file run32.tsv (TSV, N, CA and C atoms)
chain	number	residue	atom	x	y	z
A	270	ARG	N	54.72	52.95	24.48
A	270	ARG	CA	53.86	53.69	25.38
A	270	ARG	C	54.25	53.47	26.83
A	271	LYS	N	54.69	52.26	27.17
A	271	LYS	CA	55.12	52.01	28.52
A	271	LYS	C	56.56	52.45	28.74
A	272	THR	N	57.40	52.36	27.71
A	272	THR	CA	58.81	52.66	27.91
A	272	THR	C	59.11	54.16	27.81
A	273	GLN	N	58.85	54.75	26.65
A	273	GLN	CA	59.12	56.17	26.41
A	273	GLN	C	57.80	56.88	26.16
A	274	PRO	N	57.17	57.39	27.19
A	274	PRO	CA	55.90	58.09	26.99
A	274	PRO	C	56.17	59.44	26.38
A	275	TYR	N	55.93	59.54	25.08
A	275	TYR	CA	56.21	60.75	24.34
A	275	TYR	C	55.13	61.82	24.50
A	276	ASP	N	54.12	61.57	25.33
A	276	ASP	CA	52.98	62.44	25.49
A	276	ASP	C	52.34	62.12	26.84
A	277	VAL	N	51.06	62.43	26.98
A	277	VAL	CA	50.36	62.33	28.25
A	277	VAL	C	49.89	60.89	28.50
A	278	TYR	N	50.39	59.93	27.70
A	278	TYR	CA	50.23	58.50	27.96
A	278	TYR	C	50.66	58.06	29.36
A	279	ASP	N	51.59	58.78	29.98
A	279	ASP	CA	52.01	58.43	31.33
A	279	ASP	C	50.91	58.67	32.35
A	280	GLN	N	50.01	59.62	32.10
A	280	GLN	CA	48.95	59.92	33.05
A	280	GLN	C	47.69	59.11	32.82
A	281	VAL	N	47.74	58.10	31.95
A	281	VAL	CA	46.66	57.13	31.83
A	281	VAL	C	47.23	55.74	32.03
A	282	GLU	N	46.36	54.81	32.42
A	282	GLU	CA	46.76	53.53	32.98
A	282	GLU	C	46.14	52.39	32.20
A	283	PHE	N	46.97	51.45	31.76
A	283	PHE	CA	46.47	50.29	31.03
A	283	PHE	C	47.43	49.13	31.25
A	284	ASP	N	47.22	48.05	30.51
A	284	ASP	CA	48.11	46.89	30.55
A	284	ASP	C	48.09	46.19	29.20
A	285	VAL	N	49.27	46.03	28.63
A	285	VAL	CA	49.41	45.52	27.26
A	285	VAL	C	49.48	44.00	27.30
A	286	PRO	N	48.75	43.30	26.43
A	286	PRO	CA	48.84	41.84	26.40
A	286	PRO	C	50.07	41.39	25.64
A	287	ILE	N	50.53	40.19	25.98
A	287	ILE	CA	51.72	39.58	25.40
A	287	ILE	C	51.33	38.21	24.86
A	288	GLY	N	51.89	37.84	23.71
A	288	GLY	CA	51.67	36.50	23.19
A	288	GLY	C	52.54	35.47	23.89
A	289	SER	N	52.04	34.24	23.93
A	289	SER	CA	52.72	33.16	24.64
A	289	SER	C	53.53	32.25	23.73
A	290	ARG	N	53.07	31.99	22.52
A	290	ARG	CA	53.84	31.27	21.52
A	290	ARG	C	53.91	32.12	20.27
A	291	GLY	N	54.69	31.66	19.29
A	291	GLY	CA	54.74	32.35	18.01
A	291	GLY	C	53.52	32.15	17.15
A	292	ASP	N	52.59	31.30	17.59
A	292	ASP	CA	51.37	30.99	16.85
A	292	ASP	C	50.53	32.24	16.67
A	293	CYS	N	50.13	32.51	15.42
A	293	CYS	CA	49.42	33.75	15.12
A	293	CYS	C	48.03	33.80	15.71
A	294	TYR	N	47.52	32.66	16.20
A	294	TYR	CA	46.39	32.64	17.11
A	294	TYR	C	46.62	33.56	18.31
A	295	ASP	N	47.82	33.48	18.91
A	295	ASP	CA	48.17	34.36	20.02
A	295	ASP	C	48.23	35.81	19.57
A	296	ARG	N	48.73	36.03	18.36
A	296	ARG	CA	48.86	37.37	17.80
A	296	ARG	C	47.50	38.01	17.61
A	297	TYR	N	46.58	37.24	17.05
A	297	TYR	CA	45.19	37.64	16.92
A	297	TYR	C	44.58	38.00	18.27
A	298	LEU	N	44.76	37.13	19.27
A	298	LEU	CA	44.16	37.40	20.57
A	298	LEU	C	44.79	38.60	21.26
A	299	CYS	N	46.07	38.84	20.99
A	299	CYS	CA	46.72	40.03	21.50
A	299	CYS	C	46.13	41.28	20.88
A	300	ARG	N	45.78	41.22	19.59
A	300	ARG	CA	45.12	42.36	18.96
A	300	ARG	C	43.76	42.64	19.58
A	301	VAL	N	43.01	41.58	19.90
A	301	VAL	CA	41.69	41.79	20.48
A	301	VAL	C	41.79	42.43	21.86
A	302	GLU	N	42.70	41.93	22.70
A	302	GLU	CA	42.77	42.56	24.02
A	302	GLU	C	43.45	43.93	23.99
A	303	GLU	N	44.24	44.24	22.96
A	303	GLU	CA	44.64	45.63	22.79
A	303	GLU	C	43.47	46.52	22.43
A	304	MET	N	42.50	46.01	21.67
A	304	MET	CA	41.29	46.79	21.40
A	304	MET	C	40.53	47.09	22.69
A	305	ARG	N	40.43	46.09	23.55
A	305	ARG	CA	39.70	46.28	24.80
A	305	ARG	C	40.44	47.26	25.72
A	306	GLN	N	41.77	47.23	25.69
A	306	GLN	CA	42.53	48.25	26.41
A	306	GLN	C	42.41	49.63	25.79
A	307	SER	N	42.22	49.70	24.47
A	307	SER	CA	41.98	50.99	23.84
A	307	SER	C	40.68	51.60	24.33
A	308	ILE	N	39.68	50.75	24.57
A	308	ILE	CA	38.44	51.24	25.16
A	308	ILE	C	38.67	51.76	26.57
A	309	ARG	N	39.53	51.08	27.34
A	309	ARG	CA	39.85	51.60	28.68
A	309	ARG	C	40.55	52.96	28.63
A	310	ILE	N	41.46	53.15	27.67
A	310	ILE	CA	42.17	54.42	27.59
A	310	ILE	C	41.21	55.54	27.19
A	311	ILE	N	40.27	55.25	26.29
A	311	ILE	CA	39.28	56.25	25.90
A	311	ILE	C	38.37	56.60	27.07
A	312	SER	N	38.05	55.61	27.92
A	312	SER	CA	37.22	55.86	29.09
A	312	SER	C	37.90	56.80	30.07
A	313	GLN	N	39.17	56.53	30.38
A	313	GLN	CA	39.89	57.43	31.29
A	313	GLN	C	40.14	58.80	30.67
A	314	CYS	N	40.31	58.85	29.35
A	314	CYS	CA	40.55	60.12	28.69
A	314	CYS	C	39.31	61.00	28.69
A	315	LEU	N	38.12	60.40	28.58
A	315	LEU	CA	36.91	61.19	28.79
A	315	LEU	C	36.70	61.52	30.25
A	316	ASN	N	37.24	60.71	31.17
A	316	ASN	CA	37.09	61.01	32.59
A	316	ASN	C	37.86	62.26	32.98
A	317	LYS	N	39.12	62.38	32.55
A	317	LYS	CA	40.04	63.37	33.11
A	317	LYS	C	40.36	64.50	32.13
A	318	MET	N	39.40	64.94	31.34
A	318	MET	CA	39.70	65.86	30.25
A	318	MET	C	39.72	67.31	30.73
A	319	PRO	N	40.79	68.06	30.46
A	319	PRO	CA	40.84	69.48	30.87
A	319	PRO	C	40.34	70.39	29.76
A	320	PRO	N	39.60	71.45	30.09
A	320	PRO	CA	39.15	72.41	29.09
A	320	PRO	C	40.11	73.57	28.89
A	321	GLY	N	41.38	73.26	28.64
A	321	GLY	CA	42.41	74.28	28.57
A	321	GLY	C	42.47	75.20	27.36
A	322	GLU	N	42.87	74.67	26.20
A	322	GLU	CA	43.34	75.50	25.09
A	322	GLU	C	43.50	74.63	23.86
A	323	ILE	N	43.21	75.20	22.69
A	323	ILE	CA	43.25	74.44	21.44
A	323	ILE	C	44.68	74.17	21.00
B	5	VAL	N	33.05	84.44	29.16
B	5	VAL	CA	32.83	83.07	29.61
B	5	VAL	C	33.57	82.09	28.72
B	6	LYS	N	33.66	80.84	29.16
B	6	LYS	CA	34.32	79.80	28.39
B	6	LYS	C	33.28	78.76	28.03
B	7	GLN	N	33.23	78.39	26.75
B	7	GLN	CA	32.22	77.47	26.24
B	7	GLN	C	32.84	76.41	25.36
B	8	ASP	N	33.83	75.69	25.88
B	8	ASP	CA	34.35	74.52	25.18
B	8	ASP	C	33.40	73.34	25.33
B	9	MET	N	33.89	72.14	25.04
B	9	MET	CA	33.14	70.92	25.35
B	9	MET	C	33.83	70.22	26.51
B	10	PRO	N	33.37	70.41	27.75
B	10	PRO	CA	34.01	69.74	28.87
B	10	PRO	C	33.36	68.40	29.13
B	11	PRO	N	34.06	67.48	29.81
B	11	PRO	CA	33.39	66.30	30.36
B	11	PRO	C	32.46	66.71	31.49
B	12	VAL	N	31.18	66.41	31.33
B	12	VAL	CA	30.19	66.98	32.23
B	12	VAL	C	30.18	66.19	33.54
B	13	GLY	N	31.00	66.63	34.49
B	13	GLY	CA	30.97	66.13	35.85
B	13	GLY	C	31.39	64.69	36.04
B	14	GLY	N	32.15	64.13	35.12
B	14	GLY	CA	32.51	62.73	35.26
B	14	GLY	C	31.49	61.81	34.61
B	15	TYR	N	31.99	60.72	34.06
B	15	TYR	CA	31.20	59.80	33.26
B	15	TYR	C	31.24	58.41	33.87
B	16	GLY	N	30.14	57.68	33.71
B	16	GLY	CA	30.01	56.36	34.29
B	16	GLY	C	30.94	55.36	33.64
B	17	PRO	N	31.15	54.23	34.29
B	17	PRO	CA	32.11	53.25	33.77
B	17	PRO	C	31.57	52.51	32.57
B	18	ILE	N	32.48	52.15	31.67
B	18	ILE	CA	32.16	51.39	30.47
B	18	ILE	C	32.71	49.99	30.68
B	19	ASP	N	31.88	48.99	30.43
B	19	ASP	CA	32.30	47.59	30.53
B	19	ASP	C	33.46	47.29	29.58
B	20	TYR	N	34.45	46.56	30.09
B	20	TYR	CA	35.75	46.49	29.45
B	20	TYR	C	36.35	45.09	29.55
B	21	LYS	N	35.52	44.06	29.55
B	21	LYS	CA	36.03	42.72	29.80
B	21	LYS	C	35.17	41.72	29.06
B	22	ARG	N	35.76	40.57	28.75
B	22	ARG	CA	35.06	39.47	28.11
B	22	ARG	C	33.97	38.93	29.03
B	23	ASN	N	32.93	38.36	28.42
B	23	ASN	CA	31.82	37.83	29.21
B	23	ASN	C	31.14	36.75	28.38
B	24	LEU	N	31.30	35.50	28.79
B	24	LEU	CA	30.80	34.36	28.04
B	24	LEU	C	29.79	33.59	28.88
B	25	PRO	N	28.56	33.42	28.42
B	25	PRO	CA	27.55	32.74	29.24
B	25	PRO	C	27.77	31.25	29.39
B	26	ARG	N	28.49	30.63	28.45
B	26	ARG	CA	29.10	29.28	28.51
B	26	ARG	C	28.12	28.17	28.89
B	27	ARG	N	26.82	28.37	28.70
B	27	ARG	CA	25.84	27.37	29.10
B	27	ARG	C	25.71	26.32	28.00
B	28	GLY	N	24.68	25.48	28.10
B	28	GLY	CA	24.37	24.59	27.00
B	28	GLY	C	24.35	23.12	27.33
B	29	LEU	N	24.13	22.78	28.61
B	29	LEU	CA	23.88	21.41	29.07
B	29	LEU	C	25.06	20.49	28.73
B	30	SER	N	26.16	20.71	29.46
B	30	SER	CA	27.47	20.09	29.27
B	30	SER	C	27.43	18.58	29.05
B	31	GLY	N	28.45	18.07	28.35
B	31	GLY	CA	28.43	16.83	27.59
B	31	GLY	C	27.82	15.58	28.18
B	32	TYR	N	27.80	15.50	29.51
B	32	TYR	CA	27.15	14.41	30.22
B	32	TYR	C	25.67	14.30	29.85
B	33	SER	N	24.91	15.35	30.15
B	33	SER	CA	23.46	15.31	30.00
B	33	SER	C	23.04	15.26	28.53
B	34	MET	N	23.75	15.98	27.67
B	34	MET	CA	23.35	16.03	26.27
B	34	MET	C	23.81	14.80	25.51
B	35	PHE	N	24.97	14.24	25.90
B	35	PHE	CA	25.38	12.91	25.46
B	35	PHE	C	24.32	11.88	25.82
B	36	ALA	N	23.78	12.00	27.04
B	36	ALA	CA	22.73	11.10	27.51
B	36	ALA	C	21.45	11.26	26.71
B	37	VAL	N	21.04	12.50	26.42
B	37	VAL	CA	19.78	12.67	25.70
B	37	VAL	C	19.95	12.27	24.24
B	38	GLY	N	21.17	12.36	23.71
B	38	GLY	CA	21.41	11.88	22.36
B	38	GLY	C	21.27	10.37	22.26
B	39	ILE	N	21.91	9.65	23.19
B	39	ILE	CA	21.79	8.19	23.19
B	39	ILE	C	20.37	7.76	23.54
B	40	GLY	N	19.67	8.54	24.36
B	40	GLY	CA	18.30	8.20	24.72
B	40	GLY	C	17.32	8.37	23.57
B	41	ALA	N	17.45	9.46	22.81
B	41	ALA	CA	16.60	9.64	21.64
B	41	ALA	C	16.93	8.62	20.57
B	42	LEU	N	18.20	8.24	20.47
B	42	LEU	CA	18.61	7.18	19.56
B	42	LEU	C	17.96	5.84	19.94
B	43	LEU	N	17.91	5.54	21.23
B	43	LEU	CA	17.28	4.31	21.70
B	43	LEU	C	15.77	4.32	21.47
B	44	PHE	N	15.15	5.48	21.67
B	44	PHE	CA	13.72	5.65	21.41
B	44	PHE	C	13.38	5.37	19.95
B	45	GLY	N	14.20	5.92	19.04
B	45	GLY	CA	14.01	5.64	17.63
B	45	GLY	C	14.23	4.18	17.28
B	46	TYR	N	15.21	3.54	17.92
B	46	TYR	CA	15.44	2.10	17.75
B	46	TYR	C	14.23	1.27	18.12
B	47	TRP	N	13.64	1.56	19.28
B	47	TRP	CA	12.53	0.74	19.74
B	47	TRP	C	11.30	0.92	18.87
B	48	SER	N	11.05	2.16	18.43
B	48	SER	CA	9.94	2.37	17.51
B	48	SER	C	10.19	1.69	16.17
B	49	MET	N	11.45	1.65	15.75
B	49	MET	CA	11.82	1.00	14.50
B	49	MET	C	11.57	-0.50	14.57
B	50	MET	N	11.93	-1.10	15.71
B	50	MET	CA	11.69	-2.51	15.97
B	50	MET	C	10.22	-2.86	15.87
B	51	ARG	N	9.37	-2.07	16.56
B	51	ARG	CA	7.94	-2.35	16.59
B	51	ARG	C	7.32	-2.23	15.20
B	52	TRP	N	7.70	-1.18	14.47
B	52	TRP	CA	7.10	-0.97	13.16
B	52	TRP	C	7.55	-2.01	12.15
B	53	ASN	N	8.81	-2.46	12.21
B	53	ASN	CA	9.23	-3.47	11.25
B	53	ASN	C	8.63	-4.84	11.55
B	54	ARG	N	8.35	-5.14	12.83
B	54	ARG	CA	7.63	-6.38	13.12
B	54	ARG	C	6.22	-6.37	12.53
B	55	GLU	N	5.50	-5.25	12.71
B	55	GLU	CA	4.18	-5.12	12.11
B	55	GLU	C	4.24	-5.18	10.58
B	56	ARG	N	5.32	-4.66	10.01
B	56	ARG	CA	5.47	-4.67	8.57
B	56	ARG	C	5.72	-6.08	8.06
B	57	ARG	N	6.45	-6.90	8.83
B	57	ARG	CA	6.64	-8.29	8.43
B	57	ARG	C	5.35	-9.09	8.51
B	58	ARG	N	4.49	-8.76	9.48
B	58	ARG	CA	3.14	-9.34	9.52
B	58	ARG	C	2.39	-9.06	8.22
B	59	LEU	N	2.38	-7.79	7.79
B	59	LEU	CA	1.68	-7.43	6.57
B	59	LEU	C	2.29	-8.10	5.34
B	60	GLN	N	3.61	-8.27	5.35
B	60	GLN	CA	4.28	-8.87	4.20
B	60	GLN	C	3.96	-10.35	4.09
B	61	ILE	N	3.76	-11.02	5.23
B	61	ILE	CA	3.30	-12.41	5.20
B	61	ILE	C	1.87	-12.50	4.66
B	62	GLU	N	1.03	-11.50	4.97
B	62	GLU	CA	-0.32	-11.52	4.40
B	62	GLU	C	-0.30	-11.35	2.89
B	63	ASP	N	0.60	-10.51	2.38
B	63	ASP	CA	0.71	-10.38	0.93
B	63	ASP	C	1.29	-11.63	0.29
B	64	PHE	N	2.17	-12.33	0.99
B	64	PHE	CA	2.62	-13.63	0.51
B	64	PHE	C	1.48	-14.63	0.44
B	65	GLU	N	0.59	-14.62	1.43
B	65	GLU	CA	-0.57	-15.51	1.36
B	65	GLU	C	-1.46	-15.16	0.18
B	66	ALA	N	-1.55	-13.87	-0.15
B	66	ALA	CA	-2.31	-13.46	-1.33
B	66	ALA	C	-1.72	-14.05	-2.61
B	67	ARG	N	-0.40	-13.92	-2.79
B	67	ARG	CA	0.19	-14.45	-4.01
B	67	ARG	C	0.16	-15.97	-4.04
B	68	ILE	N	0.15	-16.61	-2.88
B	68	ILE	CA	0.09	-18.06	-2.85
B	68	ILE	C	-1.31	-18.54	-3.23
B	69	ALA	N	-2.34	-17.98	-2.61
B	69	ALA	CA	-3.68	-18.48	-2.86
B	69	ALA	C	-4.20	-18.08	-4.23
B	70	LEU	N	-3.61	-17.06	-4.86
B	70	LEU	CA	-4.05	-16.68	-6.20
B	70	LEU	C	-3.57	-17.65	-7.28
B	71	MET	N	-2.38	-18.21	-7.10
B	71	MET	CA	-1.56	-18.70	-8.21
B	71	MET	C	-2.17	-19.75	-9.15
B	72	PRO	N	-2.84	-20.84	-8.69
B	72	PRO	CA	-3.22	-21.90	-9.65
B	72	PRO	C	-4.24	-21.48	-10.68
call {"tool": "encode", "arguments": {"input": "run32.tsv", "output": "structure tokens"}}
result
Amino acid sequence: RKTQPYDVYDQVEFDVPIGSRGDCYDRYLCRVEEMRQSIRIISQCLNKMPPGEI
Amino acid sequence: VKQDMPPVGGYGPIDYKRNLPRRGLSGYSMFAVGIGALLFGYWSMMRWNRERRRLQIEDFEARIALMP
């Protein structure tokens, strides 16, 4: 999503979490903060929605 | 006319962050109240077992004076 935006992902703004060790505790916590960023993307997507065309 | 479902004039912000109240009387004070309640129980235990030894001596006097 950050490297090759294949869609309108470029016009929305977020920040992806990164794990610090290989410990799956970090992996779990990365999943949780990706969920919270998913809520941010949904918030901006409801903010800037165009009524264009199906 | 156009009658899609538009976002109606912009939407309010949605909370998007962790929030931990983190209270609970940190280890100093609660460590203190634990040792204090423990000491309270100790002192009551001391007083009650002394009274109990008094009663046990009275029952010993009963078995002594009964025996012959």
call {"tool": "atom_distance", "arguments": {"input": "run32.tsv", "atom1": "atom C of residue B:19", "atom2": "atom N of residue A:281"}}
result
18.1 Å
call {"tool": "closest_residue", "arguments": {"input": "run32.tsv", "among": "B:49, B:55, B:37, B:8", "to": "chain A", "atoms": "only N, CA and C atoms"}}
result
B:8
call {"tool": "interface_residues", "arguments": {"input": "run32.tsv", "of": "chain B", "to": "chain A", "cutoff": "7 Å", "atoms": "only C-alpha atoms", "output": "PyMOL selection string"}}
result
chain B and resi 8+10-11+14-15+18+20
call {"tool": "residues_near_point", "arguments": {"input": "run32.tsv", "point": "(46.0, 44.5, 29.5)", "cutoff": "7 Å", "atoms": "all atoms listed in the file", "output": "mmCIF file with N, CA and C atoms, keeping the file's coordinate frame"}}
result
data_model
loop_
_atom_site.group_PDB
_atom_site.id
_atom_site.type_symbol
_atom_site.label_atom_id
_atom_site.label_comp_id
_atom_site.auth_asym_id
_atom_site.auth_seq_id
_atom_site.Cartn_x
_atom_site.Cartn_y
_atom_site.Cartn_z
ATOM 1 N N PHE A 283 46.970 51.450 31.760
ATOM 2 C CA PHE A 283 46.470 50.290 31.030
ATOM 3 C C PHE A 283 47.430 49.130 31.250
ATOM 4 N N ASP A 284 47.220 48.050 30.510
ATOM 5 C CA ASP A 284 48.110 46.890 30.550
ATOM 6 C C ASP A 284 48.090 46.190 29.200
ATOM 7 N N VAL A 285 49.270 46.030 28.630
ATOM 8 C CA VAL A 285 49.410 45.520 27.260
ATOM 9 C C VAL A 285 49.480 44.000 27.300
ATOM 10 N N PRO A 286 48.750 43.300 26.430
ATOM 11 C CA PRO A 286 48.840 41.840 26.400
ATOM 12 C C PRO A 286 50.070 41.390 25.640
ATOM 13 N N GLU A 302 42.700 41.930 22.700
ATOM 14 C CA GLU A 302 42.770 42.560 24.020
ATOM 15 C C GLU A 302 43.450 43.930 23.990
ATOM 16 N N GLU A 303 44.240 44.240 22.960
ATOM 17 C CA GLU A 303 44.640 45.630 22.790
ATOM 18 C C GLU A 303 43.470 46.520 22.430
ATOM 19 N N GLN A 306 41.770 47.230 25.690
ATOM 20 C CA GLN A 306 42.530 48.250 26.410
ATOM 21 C C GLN A 306 42.410 49.630 25.790
#
call {"tool": "atom_distance", "arguments": {"input": "run32.tsv", "atom1": "atom CA of residue B:30", "atom2": "atom CA of residue B:44"}}
result
21.4 Å
call {"tool": "atom_distance", "arguments": {"input": "run32.tsv", "atom1": "atom CA of residue B:29", "atom2": "atom C of residue B:48"}}
result
27.3 Å
